[PDB]
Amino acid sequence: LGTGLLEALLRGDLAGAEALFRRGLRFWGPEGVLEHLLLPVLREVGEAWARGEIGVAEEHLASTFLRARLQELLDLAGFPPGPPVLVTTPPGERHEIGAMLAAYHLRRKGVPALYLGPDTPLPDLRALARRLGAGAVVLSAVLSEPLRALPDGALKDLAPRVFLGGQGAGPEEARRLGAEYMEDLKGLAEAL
């Protein structure tokens, strides 16, 4: 399915790509299709670009497509009432699908995760959390560099709980920034 989907995308067959994604969804289930189809295809797109096998426009097409599929699943999940959890990425972080995954996992567990989009200045994020009485903020870091650019303690009081995760993040950097480090998306809902 992963191969088929990427091949369909690279020949501009959006309809066929959508059918293959839906097949993955029916077999693996919602979480499973993300783990077994969406994530491996995105990773492979990145590796192929890095090896010079595809260009940026091919990656863009695939990413935009898979982002739309995840957004579909996100809107089909519950959005419960009550204090929201704000989900975004650090300033300078333009990879948004990890944040979307975090929001999706939370919503699937009945947590009102408000996905903001990526790349939110910290004072503005803090102000929104405060004004909505958000119980937590969740950040996805794909790159390490946006975290490195932040001063010590910069995440510390965005909200009563601040969670940081993603391939760009680690325990030490979380500690330096004053966030709780989370390894697994499934641990997020537990923590809340």
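Numbering starts at 1 and runs along the sequence shown.
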Higher average CA B factor in the deposited record is what I'm after, so tell me if that's 166 to 174 or 12 to 20. 166 to 174
So, looking at the entry's B-factor column for Cα atoms, which has the higher mean, 28 to 36 or 152 to 160? 152 to 160
C-alpha B-factor winner, where the candidates are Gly92, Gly117, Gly98, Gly82: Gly82
Binned into thirds over the chain's modelled residues, the C-alpha B-factor of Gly4 lands in the lowest
Can you work out whether the C-alpha temperature factor of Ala62 puts it in the lowest, middle or highest third of the chain? lowest
What third of its chain's C-alpha B-factors does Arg69 belong to: lowest, middle or highest? lowest
Name the third of the chain's ranked CA B-factors that contains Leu139, choosing lowest, middle or highest. middle
Based on the entry's values, in what third of the chain does the Cα temperature factor of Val56 lie: lowest, middle or highest? lowest
